[PDB]
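Read top to bottom, the protein sequences are chains H, W, V and X. Counting along the first sequence from 1, when you hit position 6 you're at 6 in the numbering used here, and nothing is skipped either side. Counting along the second sequence from 1, when you hit position 17 you're at 117 in the numbering used here, and nothing is skipped either side. Counting along the third sequence from 1, when you hit position 24 you're at 224 in the numbering used here, and nothing is skipped either side. Counting along the fourth sequence from 1, when you hit position 17 you're at 317 in the numbering used here, and nothing is skipped either side. The beta carbon of each residue, even a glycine, is placed where N, CA and C say it ideally should be. Beneath this line is the structure, given in structure tokens, with notes to follow.
4 protein chains.
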Amino acid sequence: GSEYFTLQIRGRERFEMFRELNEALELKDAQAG
Amino acid sequence: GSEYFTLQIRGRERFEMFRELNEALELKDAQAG
Amino acid sequence: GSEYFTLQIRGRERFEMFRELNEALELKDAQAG
Amino acid sequence: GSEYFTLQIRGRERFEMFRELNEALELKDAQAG
């Protein structure tokens, strides 16, 4: 989409694992000045 | 059925990457029925 | 290496999480697909 | 310190995917630094 993409994840543990990865990538995005 | 959750993802490359991982895990789920 | 590439992972939980993803990718390739 | 493990990965694009995910998680690593 123009502001984000969506993905449907089956299962709470699985979702929490993918959210940890996604938040970490967003932390990586912040490293550039 | 199972509980599903929405992962909101920034960037097309990042989306394609997560979709690849999620599809592989779903094919693993499919083994058992 | 010529048969695989290796990555050092810090922490048991982190390793287990990546191993599950990696094995799922391999199972998808082996079942072709 | 921590305990370290080795992830064995097939394919160089798959290796670079895991490398990137791991590097992002490593921005979280610290003793309250």
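Check	Outcome
Span separating the alpha-carbon of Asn22/H from that of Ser202/V	31 Å
Pairwise C-alpha distance: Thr106/W and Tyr4/H	12 Å
Neighbour-count burial assignment, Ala24/H, 16 or more Cβ in a 10 Å radius	buried
For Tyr104/W: DSSP bridge partner residues	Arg10/H
Contacts of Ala124/W in chain V (Cβ-Cβ under 7 Å)	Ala224, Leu225 and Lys228
Local Cβ density within 10 Å of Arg14/H, reported as buried at 16 or more and exposed below that	buried
Interface partners of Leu21/H on chain X, CB under 8 Å	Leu321, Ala324 and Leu325
Short CB-CB distance (under 8 Å) between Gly233/V and chain X	no
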